[PDB]
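Below: the structure, in structure tokens.
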Amino acid sequence: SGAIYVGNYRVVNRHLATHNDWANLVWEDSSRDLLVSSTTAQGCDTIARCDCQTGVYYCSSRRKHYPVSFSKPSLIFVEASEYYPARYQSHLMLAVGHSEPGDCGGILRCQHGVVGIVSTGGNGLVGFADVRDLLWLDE
Ligand SMILES: CS(=O)(=O)c1ccccc1CC(=O)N1CCC[C@H](C(N)=O)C1
Ligand SMILES: [Zn+2]
């Protein structure tokens with residue numbers, strides 16, 4: 001579990017979004033596993049605007065932060081689940097690192113700020129849904 005709070009927005013994994021998130025819906029994309037909802041309070045997370053391929057992510061199943069090298073955002077096949085049928089997920093970045101069910105929502109950051117959130121994983125791999133192209137989160 002976990003979310004990004006920037007201005008009047010809350011960014012969460014779409015498969016984990018709440019009733020309140022859906023009642024205050026701004027934008028959602030099943031192919032990216034992202035949902036953004038509106039908030040009354042101000043969020044102070046800074047979003048990165050860069051092409052960094054190194055950073056640090058939070059792993060709740062280990063209660064630790066890990067440094068990682070990650071790939072550029074791309075279309076990657078993701079196996080079926082109680083949340084989605086088998087499909088390609090867009091804007092996805094992979095890294096060699098630990099992750100397991102329960103870790104989605106952990107933030108990935110570089111020196112410039114928030115890069116994305118854990119969205120997929122397994123087999124000594126971790127997948128991050130990128131948020132750096134969502135320029136409207138600032139304005
Ligand atoms: C079971 S796992 O793949 O090792 C793992 C690891 C870390 C974190 C999660 C998972 C499970 C997983 O990948 N998904 C279930 C939830 C929706 C995800 C999606 N984006 O389509 C896909
Ligand atoms: Zn960066």
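Each chain of the structure tokens is named A, B, ... in the order shown, its residues numbered from 1; ligands are numbered from 1 in display order.
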
Please find the residues contacting ligand 2 at a distance of at most 7 Å between atoms, with only C-alpha atoms and all ligand atoms counted, and report them as a VMD selection string.
chain A and resid 48 to 52 110 to 113

Just the residues within 10 Å of residue A:9, please, counting only C-alpha atoms, with nothing from its chain fewer than 4 positions along; format it as a PyMOL selection string.
chain A and resi 4-5+24-26+36-43+137-138

Check every protein, DNA and RNA residue against ligand 1, keep those with an atom at most 8 Å away (counting only C-alpha atoms and all ligand atoms), and present them as a PyMOL selection string.
chain A and resi 13+15+32-33+78-84+89+98-104+118-123+125-127

Selection: 10 Å around residue A:75, only C-alpha atoms, excl. self and same-chain fewer than 6 positions, as a VMD selection string:
chain A and resid 31 to 32 87 to 93

Could those selected residues go to a file with N, CA and C atoms, as an mmCIF file, in the first residue's frame?
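Output below, filename part37.cif:
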data_model
loop_
_atom_site.group_PDB
_atom_site.id
_atom_site.type_symbol
_atom_site.label_atom_id
_atom_site.label_comp_id
_atom_site.auth_asym_id
_atom_site.auth_seq_id
_atom_site.Cartn_x
_atom_site.Cartn_y
_atom_site.Cartn_z
ATOM 1 N N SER A 31 -4.534 0.600 -18.306
ATOM 2 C CA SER A 31 -3.304 0.122 -18.946
ATOM 3 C C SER A 31 -2.028 0.532 -18.197
ATOM 4 N N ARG A 32 -2.090 1.542 -17.338
ATOM 5 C CA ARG A 32 -0.937 1.991 -16.531
ATOM 6 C C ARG A 32 -1.044 1.611 -15.068
ATOM 7 N N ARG A 87 -2.377 -8.863 -19.926
ATOM 8 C CA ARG A 87 -2.330 -7.705 -20.845
ATOM 9 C C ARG A 87 -0.941 -7.027 -20.889
ATOM 10 N N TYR A 88 -0.734 -6.039 -21.788
ATOM 11 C CA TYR A 88 0.496 -5.238 -21.753
ATOM 12 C C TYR A 88 0.201 -4.006 -20.875
ATOM 13 N N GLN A 89 1.103 -3.675 -19.946
ATOM 14 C CA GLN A 89 0.962 -2.489 -19.086
ATOM 15 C C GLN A 89 1.932 -1.443 -19.620
ATOM 16 N N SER A 90 1.455 -0.232 -19.899
ATOM 17 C CA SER A 90 2.296 0.820 -20.463
ATOM 18 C C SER A 90 2.935 1.694 -19.384
ATOM 19 N N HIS A 91 3.998 2.441 -19.776
ATOM 20 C CA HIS A 91 4.704 3.358 -18.891
ATOM 21 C C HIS A 91 5.292 2.615 -17.670
ATOM 22 N N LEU A 92 5.740 1.365 -17.870
ATOM 23 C CA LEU A 92 6.268 0.482 -16.814
ATOM 24 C C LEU A 92 7.795 0.382 -16.871
ATOM 25 N N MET A 93 8.459 0.450 -15.705
ATOM 26 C CA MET A 93 9.921 0.384 -15.595
ATOM 27 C C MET A 93 10.336 -0.769 -14.702
#

Just the number, please: distance in Å from atom CA of residue A:55 to atom CA of residue A:28, one decimal.
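Distance reported for this atom pair: 25.5 Å.
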
From A:23, A:56, A:68, A:34, residue lying nearest residue A:130 [only C-alpha atoms]
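The answer is A:34, which sits nearest to residue A:130.
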
What residues in stretch 36-137 of chain A get the DSSP label strand (DSSP E)? Please answer as a ChimeraX atom specification.
/A:36-44,54-59,64-69,74-78,87-96,107-110,113-121,125-130

Mind giving me the straight-line distance from atom CA of residue A:105 to atom CA of residue A:58 in Å, one decimal?
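Going from atom CA of residue A:105 over to atom CA of residue A:58, I get 8.9 Å.
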
So the first atom is atom CA of residue A:46 and the second is atom CA of residue A:128; what is the distance between them in Å, to one decimal place?
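These atoms are spaced 17.2 Å apart.
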
Backbone DSSP call of alpha helix (DSSP H) for chain A, listed as a list in words
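Alpha helix (DSSP H) assignments inside chain A correspond to residues 19, 20, 21, 22 and 23 of chain A.
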
Could you write those residues out with C-alpha atoms, as a compact mmCIF listing (two decimals), in the first residue's frame?
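New file again13.txt:
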# COMPACT_ATOMS: atom_id res chain seq x y z
CA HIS A 19 -14.61 4.17 -2.89
CA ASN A 20 -13.58 7.76 -1.94
CA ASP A 21 -10.90 7.76 -4.71
CA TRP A 22 -13.58 6.71 -7.25
CA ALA A 23 -16.10 9.31 -5.88
